[PDB]
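Every heavy atom of this structure was used, including side-chain atoms; hydrogens, water molecules and symmetry mates were not. Chain letters run A, B, ... following the sequence lines, proteins first, then strands; residues in each count from 1.
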Amino acid sequence: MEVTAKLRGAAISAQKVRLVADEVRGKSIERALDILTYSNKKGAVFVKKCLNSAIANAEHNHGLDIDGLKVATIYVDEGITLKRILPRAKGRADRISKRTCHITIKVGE
RNA sequence: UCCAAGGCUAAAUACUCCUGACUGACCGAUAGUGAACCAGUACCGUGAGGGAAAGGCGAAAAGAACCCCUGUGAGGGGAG
């Protein structure tokens, strides 16, 4: 089986979290946690939180051995965008997209 | 053919801010009132004035006790 965690609504662009996700996809839980704890990217704190939640789900709700677990699948999806107005010169306005993202992690043997 | 320089006179005619009953080969949320929603509101304008967007869990809240990750967060996974 595959155990899931979801981190819907992280205040960050999915394009940014995707670089973090690409490096932990398919790795063992230990190696992936190392990569996430020593990354300098903001998206790594979100990916690490979601991965830790998925590991705890697999250990508590399903009684799996987290020693044989691995990041079976991970992907980031776009969340809801907050729309803000940015004033510019000469009385002109721009729209600002404050993008959010959904992180889905599934761990399994 | 009819008697101005005195006055009057109902009905059949015009209408709908409204009340009641009833109707529709009228609309069904970008439609139909601008407005189904705390709308002539928010917002814009010194002002006269202009003028939006925005409905729906389920039959019944039975709206998820409790456990786990997390920062007593967000979010989720179980349980129900």
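Comparing A:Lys6 and A:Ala54 against RNA chain B, the residue whose closest nucleotide sits nearer the 5' end is A:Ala54.
Using P as the reference atom, B:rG24 and B:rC17 are 24 Å apart when rounded to the nearest Å. Comparing the P positions of B:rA53 and B:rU30 gives an interatomic distance of 9 Å, to the nearest angstrom. Between B:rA36 and B:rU23, the two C1' atoms lie 22 Å apart (nearest whole Å). Nucleotides B:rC57 and B:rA61 place their P atoms 12 Å apart, quoted to the nearest Å. Rounded to a whole angstrom, the distance from the P atom of B:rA64 to that of B:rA54 is 30 Å. Distance check on atom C1': B:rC27 versus B:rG55 gives 16 Å, rounded to whole Å.
Base stacking between strand neighbours B:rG20 and B:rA21 is present, with six-membered ring centres closer than 5.5 Å and ring planes inclined by less than 30 degrees. In this strand, B:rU23 stacks onto B:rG24; the six-membered rings sit under 5.5 Å apart at an angle under 30°. Under the 5.5 Å and 30° stacking definition, the step from B:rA61 to B:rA62 qualifies as stacked. Both conditions of the stacking definition, centres under 5.5 Å apart and planes under 30° apart, are satisfied by the base rings of B:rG47 and B:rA48. The six-membered rings of B:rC43 and its strand neighbour B:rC44 lie with centres under 5.5 Å apart and planes within less than 30°, so the two bases count as stacked.
With respect to the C1'-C2'-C3'-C4' torsion, B:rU30 shows a south sugar, the value lying on the negative side. The pentose of B:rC38 belongs to the south class of puckers. Its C1'-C2'-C3'-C4' angle has a negative sign.
The interatomic distance linking A:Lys48 (NZ) with B:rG71 (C1') rounds to 15 Å, in whole Å. Summarising the geometry, the separation between NE2 on A:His102 and P on B:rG75 is reported as 11 Å, rounded to the nearest angstrom. For A:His60 and B:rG77, the NE2 to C1' distance is 10 Å, given to the nearest whole Å. Per the geometry, CE belonging to A:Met1 stands 11 Å off P belonging to B:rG78, to the nearest Å. Across the protein-nucleic acid pair, A:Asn57 atom CG and B:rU70 atom P stand 11 Å apart, rounded to whole Å. As a whole-Å value, the separation of A:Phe46 CZ from B:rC69 P is 20 Å. If you take CD1 of A:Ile55 and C1' of B:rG78, they are 17 Å apart, rounded to a whole angstrom. As a whole-Å value, the separation of A:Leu7 CG from B:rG76 P is 9 Å.
Put simply, A:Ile66 and A:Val3 are part of the same group of oily side chains (I, L, V, M, F, W, Y) that touch within less than 4.5 Å, one to the next.
Between the side chain of A:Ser53 and the base of B:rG75 there is at least one donor-acceptor pair of N/O atoms closer than 3.5 Å. If you check distances only, the side chain of A:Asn61 does reach the base of B:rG77 with a donor-acceptor pair under 3.5 Å. Between the side chain of A:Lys49 and the base of B:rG73, a donor-acceptor pair under 3.5 Å is found.
Inter-residue side-chain proximity for A:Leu36 and A:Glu23 is flagged as unmet; no heavy-atom pair is nearer than 4.5 Å.
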Step by step, work out the side chain to side chain contact (heavy atoms under 4.5 Å, CB included) result for A:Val17 and A:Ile103. CA-CA 8 Å; A:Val17 195; A:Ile103 295 165; 3.6 Å; yes
Go through A:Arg31 and A:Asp34 one step at a time and tell me if the salt bridge (charged side-chain N to carboxylate O under 4.0 Å, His left out) criterion holds. CA-CA 5 Å; A:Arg31 172 71 177 139; A:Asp34 273 304; 5.9 Å; no
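The residue A:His62 sits close only to the backbone: its heavy atoms come under 4.0 Å of sugar-phosphate atoms, none of a base.
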